[PDB]
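Read through the structure below, which is laid out as structure tokens, and then see the notes.
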Amino acid sequence: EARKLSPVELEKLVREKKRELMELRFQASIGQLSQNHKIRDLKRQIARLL
RNA sequence: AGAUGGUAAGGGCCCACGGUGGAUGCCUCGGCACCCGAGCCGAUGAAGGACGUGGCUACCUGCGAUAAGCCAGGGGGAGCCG
Numbered sequence: 012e013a014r015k016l017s018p019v020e021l022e023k024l025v026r027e028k029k030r031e032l033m034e035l036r037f038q039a040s041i042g043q044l045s046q047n048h049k050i051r052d053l054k055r056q057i058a059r060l061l
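The structure is reproduced here in structure tokens:
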């Protein structure tokens, strides 16, 4: 469960990389954005052990 | 007084060359028939949909706020981000 926290973080990360854009001012478009395409998601696949 | 020619505003026929239009022929991610095979799906929420999803996205196609995708195993063997 220390898991959910890392996400809350990663979540903010993206919900930050977001406006990191908005005004076309962030040249790593894919990189740090399709980021979540795993981080925040993948490893959000927490199997309630049991 | 006598006589048969030229002139074409435009028209007619014929030849050539174009325009338009899409027959014809040749094609074919399609269709039709028949014969085999195969034959249920749903409150573990179906069939069908709405809306939303991409760094830039109108539509189509994918997916579902984990959103053109996530984990695992198997197959593959150089290109991939429809």
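First residue of the first sequence: 12, per the deposited numbering; consecutive thereafter.
Just so it is clear, CB atoms sit at the ideal spot from N, CA and C, and this is done for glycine as well.
{"Check": "Through-space distance from residue 51 to residue 22, alpha-carbon basis", "Outcome": "6 Å"}
{"Check": "Straight-line Cα distance separating residue 41 from residue 20", "Outcome": "20 Å"}
{"Check": "Nearest-angstrom Cα separation, counted from residue 56 out to residue 46", "Outcome": "16 Å"}
{"Check": "Within the region 16-47, ranges of the alpha helix (DSSP H) (whole runs, at least 4 residues)", "Outcome": "17-31"}
{"Check": "Distance CB(residue 28)-CB(residue 38) smaller than 7 Å", "Outcome": "no"}
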